[PDB]
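J.: Going line by line, the protein sequences match chains 4, E, N, B, O and G. Counting in the entry's author numbering, the first sequence runs from 1 upward without gaps. Counting in the entry's author numbering, the second sequence runs from 5 upward without gaps. Counting in the entry's author numbering, the third sequence runs from 60 upward without gaps. Counting in the entry's author numbering, the fourth sequence runs from 1 upward without gaps. Counting in the entry's author numbering, the fifth sequence runs from 5 upward without gaps. Counting in the entry's author numbering, the sixth sequence runs from 30 upward without gaps. Just so it is clear, CB atoms sit at the ideal spot from N, CA and C, and this is done for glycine as well. I'd like to ask you about the structure that follows.
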Amino acid sequence: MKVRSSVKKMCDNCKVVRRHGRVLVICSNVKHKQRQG
Amino acid sequence: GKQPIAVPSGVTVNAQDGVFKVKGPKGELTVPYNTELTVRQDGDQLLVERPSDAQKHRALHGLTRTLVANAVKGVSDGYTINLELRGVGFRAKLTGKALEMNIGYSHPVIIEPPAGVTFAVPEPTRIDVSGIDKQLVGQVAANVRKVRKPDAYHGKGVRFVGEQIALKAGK
Amino acid sequence: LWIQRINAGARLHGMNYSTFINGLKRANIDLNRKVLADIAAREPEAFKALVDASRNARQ
Amino acid sequence: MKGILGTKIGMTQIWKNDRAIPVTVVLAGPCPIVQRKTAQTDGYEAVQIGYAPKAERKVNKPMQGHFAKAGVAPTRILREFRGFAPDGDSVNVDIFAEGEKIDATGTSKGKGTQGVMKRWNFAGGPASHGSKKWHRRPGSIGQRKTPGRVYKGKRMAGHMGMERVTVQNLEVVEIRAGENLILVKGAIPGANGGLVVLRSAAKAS
Amino acid sequence: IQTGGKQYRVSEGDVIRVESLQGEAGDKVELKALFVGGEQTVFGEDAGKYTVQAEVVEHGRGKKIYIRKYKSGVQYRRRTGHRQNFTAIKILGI
Amino acid sequence: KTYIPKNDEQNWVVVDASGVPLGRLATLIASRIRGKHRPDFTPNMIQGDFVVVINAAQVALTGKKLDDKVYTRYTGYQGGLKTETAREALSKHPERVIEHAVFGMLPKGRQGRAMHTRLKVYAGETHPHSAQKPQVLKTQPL
RNA sequence: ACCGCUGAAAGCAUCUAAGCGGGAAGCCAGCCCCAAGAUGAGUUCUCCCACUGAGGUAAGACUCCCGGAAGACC
RNA sequence: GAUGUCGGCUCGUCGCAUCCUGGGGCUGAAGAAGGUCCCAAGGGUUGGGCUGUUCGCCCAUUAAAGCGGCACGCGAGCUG
RNA sequence: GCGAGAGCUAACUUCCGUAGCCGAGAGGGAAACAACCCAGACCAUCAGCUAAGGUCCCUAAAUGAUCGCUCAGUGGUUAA
Ligand SMILES: [Mg+2]
Ligand SMILES: [Mg+2]
Ligand SMILES: [Mg+2]
Ligand SMILES: [Mg+2]
Ligand SMILES: [Mg+2]
Ligand SMILES: [Mg+2]
Ligand SMILES: [Mg+2]
Ligand SMILES: [Mg+2]
Ligand SMILES: [Mg+2]
Ligand SMILES: [Mg+2]
Ligand SMILES: [Mg+2]
Ligand SMILES: [Mg+2]
Ligand SMILES: [Mg+2]
Ligand SMILES: [Mg+2]
Ligand SMILES: [Mg+2]
Ligand SMILES: [Mg+2]
Ligand SMILES: [Mg+2]
Ligand SMILES: [Mg+2]
Ligand code: NA
Ligand code: NA
Ligand code: NA
Ligand code: NA
Ligand code: NA
Ligand code: NA
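Structure below.
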């Protein structure tokens, strides 16, 4: 879980999911779990 | 958008006030929704219409249609999840109606179902979760899987029948 | 002080102070302004009549 | 829950099996029930209980009246408990067993106006390096121009002692029914002849 | 008020601004704006139908009041006497 | 030259708060306490009517009941003991919510606190009515 | 923090907008002590009572004395 | 017409950019031991040699031997 | 404040040019507050209209009207 203030796509499996006022990204690849919070 | 809704003859849809009550042979099940969202049985099947056509009405539309469908299929056939105990020396027993987990931990894991869900063990290496309400089922099975997450090396614990788990392999 | 009383009076019927004074501006008729508070404090009926007048000289 | 009142009589030696157990002898005299606090009639559940016996010539008219309601006998001490509500009166028999752990509470001996070294341990200052602040005398009390004030509830000279104290988990070594005596492994607070309250194990291991 | 005491009053001698004409019993006619003469509420303008008659009582000199000023750190201290003059009028009208 | 004060006024008004949001209710109460219609209309003495709040436990809010709205309850010397509680976390003492939301909207002088005395909050329906022997004139907000 | 269930807008996917679960030596409560001057001053048991033209008195306490594992004096 | 200076000693309390314990994600994470990041200030954070030292180095240990703030906290508290 | 230098296009910085205010300027507003905004106090008054500002409650004054925005407690501290 890498906390980056700049979350952007890195492949073709990354899906941005807006949660409870937070930026998260789902992906089959567990190394692509970026999150601003 | 979703419209087609399969409503059999063993089901009873009651749209009284805000509390929508559905009767069935597998047991009655109440499901709450919105008041601003229109919904009724037009003719034979059931049709769900939305007030506005932006987003605050469509989201809840899909939501609601889905949920109702689930209630129906729930009181018509019922929902049941198939788990699996993979690994070495892993097993589960039954005490009355509770599930007894035995999987690498020193002391066995007793799991007691809530009101409306029932376990089943047709095999010492396979778990069966049966219930009326789909949500509850999901949540309880979810609790079962939560006990041992399939490790990224051998893939033990609990899994859904033919789960595709990729082993990272350490060496 | 006087104001604080006047808007109370006003409110006792279904109007306010803004509406009430304004309903005496539209009509050069009523130009009390000063002492009005004493009128709303001692003689209720009179002040009722003034209110009714204010509403009548508005809408 | 259950408990009783008694007098700290003293500490003595007492082997149990092959080991020397220090004990503290306590007189749990029979304790009468003088009032039953029903939650309905009061607001909470409880029981009033009496200890040392007094001469009617020393007992206030009102207090006599109190005692008349249950009609036992004028006593010098009354206290209350919780969840305790049996029939008859309060003897330590059937109440405490040998081996049961108990919370023993009483008023400590008080030491009066003790410094900080005694009171709060502290540390005072150097006795040789050239002072005027040897033994006690604390250092500073705060900081400086910021909160030019000392913190509420802080460590200074005061009245040490005279406090309600409850020591937890004490072992009931032996119990002499009929002699209304009880032995408790270890020390209880307060002085000999002091009042002690022996209560059931509240939150135990 | 500002000048000329209207309203409903039952024969009372009040004190207001001077009325120029010095003397006594100088008929003073004033316009009305409100009054409860005989429990009959009457608004403005219409009140013009009725007018108040008052007679001058005396030309009294106000109460003595000292007027003091002060600004700190700059000195400035001022002290001067003052009394604003008036007249009493006996209300006796319709 | 204006109107003197009296004291015959002492109406016992009861404000329901069931569903009403905390603002309207609050301001309304505080307002009637200080002086809604004001008898002699005087600011010297308290002529406000007596306010009785029923329910209160069923007070409504927006969306920040669990969040944002954090009543602060601090001690003598808060040396790391600065107590803070969510607004729903006031199920413990409901009366405190309303009670301690109105006092804030009343003056801070002597007479103010004197006014807080006329504020009487109860959490419940038919029970608070037992605390009501005098007038029971009930007046809804809006 | 993080990890999940049911599940739309992207008639796929998704821990999320409705709703719900699990989860830290932290928070709240639990444990020991204080606490009604909590001037919104609380509750319970018991006692003396319906004088006199400020004062005799009841219940009760104080002063004084002798002491105390209570204490600077109180 | 005065805000007493360094360090120590004494006595504390607070921030979190967390030294140790607590809960997590990720790994070039098999296990064990680690690396890095996120959440988390309840408590704890040893004794000595040299130096006025604050630092720092060293001996011997420790779960750890955190970094700062408070007039580089504290001389109507001490030292000098 | 504007127009420059010096200074890191820092400083409640410094040095010049120009406008206004404070200095010697009360009053209203900006919570408090020399300067900012509105306004230059001869004296008296249980009189009225406005400015800057506001009009739920703590102070006076529409929980005002119509068409939008924002699920944030933004408003009520900043950027790549
Ligand atoms: Mg020493
Ligand atoms: Mg000092
Ligand atoms: Mg201070
Ligand atoms: Mg000086
Ligand atoms: Mg000095
Ligand atoms: Mg942090
Ligand atoms: Mg490992
Ligand atoms: Mg040396
Ligand atoms: Mg410095
Ligand atoms: Mg210093
Ligand atoms: Mg020297
Ligand atoms: Mg300058
Ligand atoms: Mg000068
Ligand atoms: Mg001001
Ligand atoms: Mg005007
Ligand atoms: Mg304007
Ligand atoms: Mg107002
Ligand atoms: Mg903000
Ligand atoms: Na700490
Ligand atoms: Na060291
Ligand atoms: Na420190
Ligand atoms: Na000295
Ligand atoms: Na000037
Ligand atoms: Na300001």
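Is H135 (chain B) helix, strand or coil when you go by DSSP?
T.: coil
J.: Where does the unbroken alpha helix (DSSP H) through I49 (chain B) begin, and where does it stop?
T.: Unbroken run through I49 (chain B) is the beta strand (DSSP E), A46 to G50; no alpha helix (DSSP H).
J.: Can you pull the DSSP bridge partners for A19 (chain E)?
T.: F24 (chain E), per the DSSP bridge assignment.
J.: Under 8 Å between C-beta atoms, does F70 (chain G) make it to chain N?
T.: yes
J.: I'd like to know if the region 168-181 of chain B and the region 96-114 of chain N are in contact, where contact means that at least 3 CB-CB pairs between them fall below 8 Å.
T.: At 8 Å Cβ cutoff, the stretches do not touch.
J.: Find out if the Cβ-Cβ distance for the pair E117 (chain G), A152 (chain G) is shorter than 8 Å.
T.: no
J.: State yes or no: is the C-beta of residue 240 (chain B) within less than 8 Å of the C-beta of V23 (chain B)?
T.: Outside the shown range of chain B (1 to 205) lies residue 240 (chain B), about which nothing can therefore be said.
J.: Go ahead and pull the three-state DSSP assignment for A116 (chain N).
T.: coil
J.: Name the DSSP beta bridge partners of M160 (chain B), please?
T.: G112 (chain B)
J.: Contact between the region 74-89 of chain O and the region 42-49 of chain G is defined here as three or more beta-carbon pairs at a separation below 8 Å; is this criterion met?
T.: no
J.: What are the boundary residues of the beta strand (DSSP E) that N86 (chain E) is part of?
T.: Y83 to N86
J.: When the Cα atoms are used, what is the spatial distance from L140 (chain E) to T39 (chain E)?
T.: 24 Å
J.: For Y151 (chain B), return the contacting residues in chain G, with the cut-off set at a CB-CB distance below 9 Å.
T.: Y106 and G108
J.: What first and last residue would you give for the beta strand (DSSP E) that runs through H66 (chain B)?
T.: Note, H66 (chain B): premise wrong, no beta strand (DSSP E); alpha helix (DSSP H) at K61 to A70.
J.: State the Cα-Cα distance for the pair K98 (chain G) and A115 (chain G), rounded to the nearest angstrom.
T.: 6 Å
J.: Sort out for me which residues DSSP pairs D18 (chain O) with in a bridge.
T.: DSSP output for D18 (chain O) lists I93 (chain O) as bridge partner(s).
J.: With distances taken from CA atoms, which of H65 (chain E), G82 (chain E) and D48 (chain E) is nearest residue 182 (chain E)?
T.: This structure gives no information on residue 182 (chain E), because the portion of chain E shown stretches from 5 to 175.
J.: Which residue comes first and which comes last in the beta strand (DSSP E) that contains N106 (chain E)?
T.: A102 to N106
J.: Would you say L83 (chain N) reaches chain G, if we count a Cβ-Cβ gap shorter than 8 Å as a contact?
T.: no
J.: Count the other CB atoms within 10 Å of the CB of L57 (chain G); is the residue buried (16 or more) or exposed (fewer)?
T.: buried
J.: Let's test the definition: count the other Cβ atoms within 10 Å of the Cβ of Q76 (chain G) and tell me whether it reaches 16, buried, or not, exposed.
T.: That one is buried.
J.: Please tell me whether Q63 (chain N) has its Cβ less than 8 Å away from any Cβ of chain G.
T.: yes
J.: Could you name the residues of chain O that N91 (chain N) contacts, counting a contact when the two beta carbons are closer than 8 Å?
T.: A37, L38 and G48
J.: Terminal residues of the continuous beta strand (DSSP E) containing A130 (chain G)?
T.: Careful: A130 (chain G) lies outside any beta strand (DSSP E), inside the alpha helix (DSSP H) at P123 to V131.
J.: Name, please, each residue of chain G whose Cβ falls closer than 7 Å to the Cβ of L71 (chain N).
T.: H66
J.: Given that a residue counts as buried once 16 or more other Cβ atoms are within 10 Å of its Cβ, and exposed if not, what is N87 (chain N)?
T.: Flag for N87 (chain N) reads exposed.
J.: Any idea what DSSP makes of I9 (chain E), helix, strand or coil?
T.: DSSP places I9 (chain E) in coil when its eight states are reduced to three.
J.: Under 8 Å between C-beta atoms, does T45 (chain O) make it to chain N?
T.: yes
J.: Quick one: what's got a C-beta closer than 6 Å to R63 (chain G)'s C-beta in the same chain, skipping five residues either side?
T.: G77
J.: Can you check DSSP and say which residues form a bridge with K15 (chain 4)?
T.: According to DSSP, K15 (chain 4) bridges with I26 (chain 4).
J.: Give the single residue among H135 (chain B), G161 (chain B) and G125 (chain B) whose Cα lies nearest to the Cα of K109 (chain B).
T.: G161 (chain B)
J.: Taking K137 (chain G) as the reference, which of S120 (chain G), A59 (chain G), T101 (chain G) and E38 (chain G) has the closest Cα?
T.: For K137 (chain G), the closest C-alpha among the options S120 (chain G), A59 (chain G), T101 (chain G) and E38 (chain G) is that of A59 (chain G).
J.: Under 7 Å between beta-carbons, which chain O residues line up against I80 (chain N)? List them in chain order, please.
T.: Here the premise fails: no neighbours, minimum Cβ distance about 14 Å.
J.: Alpha carbon to alpha carbon, how far is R21 (chain O) from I98 (chain O)? Give it in angstroms, no decimals.
T.: 22 Å
J.: What is the DSSP secondary structure of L181 (chain B), reduced to helix, strand or coil?
T.: strand
J.: Chain O beta carbons: is any one of them nearer than 8 Å to that of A105 (chain N)?
T.: yes
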